[PDB]
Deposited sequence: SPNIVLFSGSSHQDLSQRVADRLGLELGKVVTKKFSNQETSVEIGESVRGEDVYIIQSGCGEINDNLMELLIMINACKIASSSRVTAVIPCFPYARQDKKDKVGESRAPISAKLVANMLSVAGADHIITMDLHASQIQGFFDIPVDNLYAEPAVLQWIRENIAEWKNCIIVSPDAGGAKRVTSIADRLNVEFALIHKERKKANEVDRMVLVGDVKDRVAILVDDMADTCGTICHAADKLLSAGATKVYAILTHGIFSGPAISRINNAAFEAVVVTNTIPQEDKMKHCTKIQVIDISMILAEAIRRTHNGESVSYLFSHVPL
């Protein structure tokens, strides 16, 4: 008797209708405006009572507005007596830490967002490649942390002639688990960069990290990879935020291409950068939603 109701806010209209087309359904009717004083207004237009409802919004643009907007729609479908409300958040906001010498720091912002999603009334969360997977434990809720790697792997094979050889390098220490894993799915060798010194060593170098925001490191990392004798250097990321200086710096850096997936709207930045190519994840999320709905 519950049928899937699919919503979307203001954050990523394109991805949302893409998964709608993968599921065979239309987006639900909802009007999100902002009042003159900047208070977010969300009014549902469809009946969602007794339905399994999925609200898709990524933490990308004006996030605080997108996040507040998301919470308002979650609380709105919960007060409306829906059987279930699922937050589909491709890019989870506040996942990073801006961090000591003697102890760590509770991730107060990431756990604060978990608590607000929980109190708003969420009953399921679907997200992709979190900055730290242990954020699933910031919740007493099921959290699907889907990996984009198959997407990354197939894209390489399919797109890069030289993949069979090549080398995967991480721009940082913390990503090493990430390169390693991707490397051995290709039965391939690895190297890593640390702020600049490089470890490991005429191959197609491909830097892999979870997200790319200001992009400074990965550009200086590319400059060192070509100084270490690399044929080409690629940059493949899950979340492409490209804030500030980023696109200008990608405009002054020598990438064959920089690949990301569409957890974040990029078209308007594609128009300013010929490098960027985007992988479609409509089916992973689409498929994950359908799985959750049985």
{"item": "Missing C-alpha runs, given along the deposited sequence, first residue counted as 1", "value": "100-101, 198-207, 214-215, 309-321"}
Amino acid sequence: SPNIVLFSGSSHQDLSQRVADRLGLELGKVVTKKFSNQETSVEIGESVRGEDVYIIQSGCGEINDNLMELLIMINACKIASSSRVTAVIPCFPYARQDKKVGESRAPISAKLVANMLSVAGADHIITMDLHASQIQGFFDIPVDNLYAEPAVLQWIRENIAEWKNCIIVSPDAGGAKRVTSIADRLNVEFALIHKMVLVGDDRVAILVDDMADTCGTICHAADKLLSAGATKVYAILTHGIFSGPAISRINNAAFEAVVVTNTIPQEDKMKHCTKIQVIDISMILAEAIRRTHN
From here on, numbers count along this sequence of modelled residues.
{"query": "Residue stretch of maximal mean CA temperature factor, 101-109 vs 140-148", "finding": "101-109"}
{"query": "Segment of higher mean CA temperature factor, 246-254 or 56-64", "finding": "246-254"}
{"query": "Among 75, 134, 81, 170 - the residue whose C-alpha B-factor is largest in the record", "finding": "170"}
{"query": "Largest Cα B-factor, entry values, listed residues 86, 165, 115, 127", "finding": "165"}
{"query": "Residue 212 - which third its CA temperature factor falls in, relative to the rest of the chain", "finding": "middle"}
{"query": "Chain-relative CA temperature factor third for residue 261", "finding": "middle"}
{"query": "Assigned third (lowest, middle, highest) for the C-alpha B factor of residue 229", "finding": "highest"}
{"query": "Third of the chain, ranked by Cα B-factor, where residue 179 sits", "finding": "highest"}
{"query": "Relative C-alpha B-factor of residue 120, binned into the chain's lowest, middle or highest third", "finding": "lowest"}
